[PDB]
Structure formats: structure tokens, C-alpha cells
Amino acid sequence: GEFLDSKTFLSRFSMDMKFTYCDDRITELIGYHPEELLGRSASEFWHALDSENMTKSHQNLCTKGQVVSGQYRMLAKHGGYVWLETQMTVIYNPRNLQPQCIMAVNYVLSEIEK
């Protein structure tokens, strides 16, 4: 619900919105193992009616040099749902300053709702 500092889970995305990292909190808050996601896409669990807009957030990723999506519904491991908002950050490669990975901060407004 409202307020909870420990309700956050880091993740990193490939420029194709694929999971390369997620913090173990994910299993607490959604029930996914970080690695269950690693190799797939976040758009898979995005609430469809938000997934488009969510994608546009990545389509932007330039306003502040960064983009932060709104509180959306993410599919829960066991077929429910959950509330978290994702902040996506371009992490560039120090050599050429080319976006190699996305620093994504996910934090839940609420735990699963089945």
C-alpha cells in the first residue's frame, strides 16, 4: 500500500527491454525469481492496456536523459498481479558512451492482487 521503503527491486534491461538483472525482492513482491525473468521481456507481464504506454516510456528515454514510467500493473508469478512503478535509466558504456544497459528501479505500490 502507501509508503514502504523496503518495497523496491532493482533490475537491468537490455535495450530491447529484456531482463538481464532483477533483485531478489521481485520474488517477494511478484513471486518471480530474478533469473526466471532473465532472458525474457518485462512487456510480458505488463498489463496490456498499459504496456503500450509503458513501451513509449522506453521510446522516449531522452526527456531528462532518462525516463520514468507510471505506476502500472505487473503480472504476478502465480497469475495474479502487482503494483510497481519502474524508473529506467540509460547506463552508457564509458568508452563510446553508447547505451549498453538500462538501470531500472522498480518499486511496488502494493503486493500481489490475485
# chains A, B, ... in the order shown; residues from 1 in each chain; ligands from 1
call {"tool": "residues_around", "arguments": {"residues": "residue A:23", "least_positions_apart": "3", "cutoff": "7 Å", "atoms": "only C-alpha atoms", "output": "list in words"}}
result
residues 9, 10, 11, 26 and 34 of chain A
call {"tool": "closest_atom_pairs", "arguments": {"of": "stretch 12-52 of chain A", "to": "stretch 63-78 of chain A", "cutoff": "9 Å", "atoms": "only C-alpha atoms", "output": "Markdown table"}}
result
| residue | atom | partner | partner_atom | distance |
| --- | --- | --- | --- | --- |
| A:27 | CA | A:77 | CA | 8.1 |
| A:29 | CA | A:76 | CA | 8.2 |
| A:30 | CA | A:76 | CA | 4.7 |
| A:31 | CA | A:77 | CA | 4.9 |
| A:32 | CA | A:77 | CA | 5.3 |
| A:33 | CA | A:77 | CA | 8.7 |
| A:42 | CA | A:74 | CA | 8.5 |
| A:43 | CA | A:74 | CA | 8.9 |
| A:44 | CA | A:75 | CA | 8.1 |
| A:45 | CA | A:75 | CA | 4.5 |
| A:46 | CA | A:74 | CA | 4.9 |
| A:47 | CA | A:73 | CA | 5.3 |
| A:48 | CA | A:73 | CA | 9.0 |
| A:50 | CA | A:72 | CA | 6.8 |
| A:51 | CA | A:72 | CA | 8.5 |
call {"tool": "select_by_dssp", "arguments": {"residues": "chain A", "states": "strand (DSSP E or B)", "output": "ChimeraX atom specification"}}
result
/A:8-13,18-22,38,41,46,66-68,72-75,81-92,99-110
call {"tool": "closest_residue", "arguments": {"among": "A:3, A:41, A:109, A:114", "to": "residue A:79", "atoms": "only C-alpha atoms"}}
result
A:114
call {"tool": "residues_around", "arguments": {"residues": "residue A:105", "least_positions_apart": "4", "cutoff": "9 Å", "atoms": "only C-alpha atoms", "output": "list in words"}}
result
residues 8, 9, 10, 11, 12, 85, 86, 87, 88 and 89 of chain A
call {"tool": "atom_distance", "arguments": {"atom1": "atom CA of residue A:110", "atom2": "atom CA of residue A:83"}}
result
4.9 Å
call {"tool": "select_by_dssp", "arguments": {"residues": "stretch 2-60 of chain A", "states": "helix (DSSP H, G or I)", "output": "JSON, numbers by chain"}}
result
{"A": [25, 26, 27, 28, 29, 34, 35, 36, 37, 42, 43, 44, 48, 49, 50, 51, 52, 53, 54, 55, 56, 57, 58, 59, 60]}
call {"tool": "write_last_selection", "arguments": {"atoms": "C-alpha atoms", "output": "PDB file, in the first residue's frame"}}
result
ATOM      1  CA  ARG A  25      12.699  -8.616  -3.819  1.00  0.00           C
ATOM      2  CA  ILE A  26      10.916  -9.456  -7.065  1.00  0.00           C
ATOM      3  CA  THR A  27      10.068 -12.872  -5.658  1.00  0.00           C
ATOM      4  CA  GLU A  28       8.705 -11.252  -2.531  1.00  0.00           C
ATOM      5  CA  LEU A  29       6.622  -8.697  -4.385  1.00  0.00           C
ATOM      6  CA  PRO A  34      15.115 -12.729 -10.826  1.00  0.00           C
ATOM      7  CA  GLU A  35      16.525 -15.437 -13.073  1.00  0.00           C
ATOM      8  CA  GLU A  36      13.069 -16.596 -14.196  1.00  0.00           C
ATOM      9  CA  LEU A  37      12.834 -13.254 -15.849  1.00  0.00           C
ATOM     10  CA  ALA A  42       9.178  -7.141 -18.971  1.00  0.00           C
ATOM     11  CA  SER A  43       6.489  -6.383 -21.541  1.00  0.00           C
ATOM     12  CA  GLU A  44       5.352  -9.951 -20.943  1.00  0.00           C
ATOM     13  CA  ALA A  48      -1.811  -4.971 -21.727  1.00  0.00           C
ATOM     14  CA  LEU A  49      -3.804  -1.764 -21.549  1.00  0.00           C
ATOM     15  CA  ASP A  50      -0.709  -0.091 -20.108  1.00  0.00           C
ATOM     16  CA  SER A  51       2.022  -1.999 -21.928  1.00  0.00           C
ATOM     17  CA  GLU A  52       1.788   0.288 -24.953  1.00  0.00           C
ATOM     18  CA  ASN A  53       2.225   3.453 -22.932  1.00  0.00           C
ATOM     19  CA  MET A  54       4.888   1.631 -20.950  1.00  0.00           C
ATOM     20  CA  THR A  55       6.720   0.897 -24.184  1.00  0.00           C
ATOM     21  CA  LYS A  56       6.514   4.585 -25.148  1.00  0.00           C
ATOM     22  CA  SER A  57       8.433   5.313 -21.958  1.00  0.00           C
ATOM     23  CA  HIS A  58      11.348   3.378 -23.437  1.00  0.00           C
ATOM     24  CA  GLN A  59      10.566   5.029 -26.770  1.00  0.00           C
ATOM     25  CA  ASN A  60      11.277   8.308 -25.013  1.00  0.00           C
TER      26      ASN A  60
END
call {"tool": "closest_residue", "arguments": {"among": "A:62, A:102, A:91, A:84", "to": "residue A:16", "atoms": "only C-alpha atoms"}}
result
A:102
call {"tool": "decode", "arguments": {"residues": "stretch 81-103 of chain A", "atoms": "N, CA and C atoms", "output": "PDB file, in the first residue's frame"}}
result
ATOM      1  N   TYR A  81      -1.498 -10.291 -10.008  1.00  0.00           N
ATOM      2  CA  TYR A  81      -0.996  -9.006 -10.445  1.00  0.00           C
ATOM      3  C   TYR A  81      -0.298  -8.340  -9.296  1.00  0.00           C
ATOM      4  N   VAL A  82       0.315  -7.222  -9.571  1.00  0.00           N
ATOM      5  CA  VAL A  82       1.007  -6.470  -8.555  1.00  0.00           C
ATOM      6  C   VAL A  82       1.192  -5.025  -9.005  1.00  0.00           C
ATOM      7  N   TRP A  83       1.498  -4.156  -8.060  1.00  0.00           N
ATOM      8  CA  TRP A  83       1.660  -2.739  -8.347  1.00  0.00           C
ATOM      9  C   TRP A  83       3.087  -2.319  -8.127  1.00  0.00           C
ATOM     10  N   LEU A  84       3.742  -1.834  -9.167  1.00  0.00           N
ATOM     11  CA  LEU A  84       5.053  -1.208  -9.027  1.00  0.00           C
ATOM     12  C   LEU A  84       5.285  -0.201 -10.144  1.00  0.00           C
ATOM     13  N   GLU A  85       6.117   0.783  -9.863  1.00  0.00           N
ATOM     14  CA  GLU A  85       6.453   1.812 -10.828  1.00  0.00           C
ATOM     15  C   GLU A  85       7.930   1.686 -11.190  1.00  0.00           C
ATOM     16  N   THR A  86       8.233   1.762 -12.476  1.00  0.00           N
ATOM     17  CA  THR A  86       9.576   1.487 -12.955  1.00  0.00           C
ATOM     18  C   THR A  86      10.287   2.743 -13.453  1.00  0.00           C
ATOM     19  N   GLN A  87      11.454   3.006 -12.883  1.00  0.00           N
ATOM     20  CA  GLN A  87      12.309   4.088 -13.339  1.00  0.00           C
ATOM     21  C   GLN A  87      13.436   3.511 -14.181  1.00  0.00           C
ATOM     22  N   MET A  88      13.519   3.919 -15.431  1.00  0.00           N
ATOM     23  CA  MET A  88      14.510   3.367 -16.340  1.00  0.00           C
ATOM     24  C   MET A  88      15.567   4.392 -16.701  1.00  0.00           C
ATOM     25  N   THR A  89      16.802   3.964 -16.590  1.00  0.00           N
ATOM     26  CA  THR A  89      17.947   4.831 -16.713  1.00  0.00           C
ATOM     27  C   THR A  89      18.924   4.278 -17.744  1.00  0.00           C
ATOM     28  N   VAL A  90      19.408   5.123 -18.634  1.00  0.00           N
ATOM     29  CA  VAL A  90      20.385   4.685 -19.613  1.00  0.00           C
ATOM     30  C   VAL A  90      21.760   4.605 -18.980  1.00  0.00           C
ATOM     31  N   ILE A  91      22.318   3.416 -18.934  1.00  0.00           N
ATOM     32  CA  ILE A  91      23.681   3.253 -18.494  1.00  0.00           C
ATOM     33  C   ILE A  91      24.585   3.076 -19.700  1.00  0.00           C
ATOM     34  N   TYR A  92      25.372   4.099 -19.959  1.00  0.00           N
ATOM     35  CA  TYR A  92      26.223   4.137 -21.134  1.00  0.00           C
ATOM     36  C   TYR A  92      27.533   3.401 -20.908  1.00  0.00           C
ATOM     37  N   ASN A  93      28.182   3.062 -22.007  1.00  0.00           N
ATOM     38  CA  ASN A  93      29.491   2.435 -21.976  1.00  0.00           C
ATOM     39  C   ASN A  93      30.569   3.513 -21.960  1.00  0.00           C
ATOM     40  N   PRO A  94      31.416   3.537 -20.916  1.00  0.00           N
ATOM     41  CA  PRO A  94      32.420   4.597 -20.706  1.00  0.00           C
ATOM     42  C   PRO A  94      33.317   4.881 -21.918  1.00  0.00           C
ATOM     43  N   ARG A  95      33.416   3.931 -22.841  1.00  0.00           N
ATOM     44  CA  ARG A  95      34.330   4.057 -23.971  1.00  0.00           C
ATOM     45  C   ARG A  95      33.760   4.916 -25.091  1.00  0.00           C
ATOM     46  N   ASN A  96      32.505   4.679 -25.429  1.00  0.00           N
ATOM     47  CA  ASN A  96      31.893   5.329 -26.582  1.00  0.00           C
ATOM     48  C   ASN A  96      30.630   6.070 -26.177  1.00  0.00           C
ATOM     49  N   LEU A  97      30.269   5.884 -24.916  1.00  0.00           N
ATOM     50  CA  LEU A  97      29.078   6.469 -24.325  1.00  0.00           C
ATOM     51  C   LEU A  97      27.828   6.047 -25.070  1.00  0.00           C
ATOM     52  N   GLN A  98      27.796   4.776 -25.400  1.00  0.00           N
ATOM     53  CA  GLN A  98      26.664   4.176 -26.068  1.00  0.00           C
ATOM     54  C   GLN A  98      25.877   3.322 -25.086  1.00  0.00           C
ATOM     55  N   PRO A  99      24.563   3.575 -24.993  1.00  0.00           N
ATOM     56  CA  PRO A  99      23.640   2.819 -24.142  1.00  0.00           C
ATOM     57  C   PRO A  99      23.827   1.310 -24.253  1.00  0.00           C
ATOM     58  N   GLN A 100      24.373   0.712 -23.204  1.00  0.00           N
ATOM     59  CA  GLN A 100      24.613  -0.722 -23.189  1.00  0.00           C
ATOM     60  C   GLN A 100      23.572  -1.447 -22.347  1.00  0.00           C
ATOM     61  N   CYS A 101      23.213  -0.845 -21.227  1.00  0.00           N
ATOM     62  CA  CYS A 101      22.269  -1.450 -20.302  1.00  0.00           C
ATOM     63  C   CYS A 101      21.372  -0.385 -19.686  1.00  0.00           C
ATOM     64  N   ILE A 102      20.184  -0.787 -19.272  1.00  0.00           N
ATOM     65  CA  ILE A 102      19.263   0.117 -18.608  1.00  0.00           C
ATOM     66  C   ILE A 102      19.207  -0.170 -17.114  1.00  0.00           C
ATOM     67  N   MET A 103      19.407   0.869 -16.322  1.00  0.00           N
ATOM     68  CA  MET A 103      19.274   0.779 -14.880  1.00  0.00           C
ATOM     69  C   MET A 103      17.820   1.019 -14.514  1.00  0.00           C
TER      70      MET A 103
END
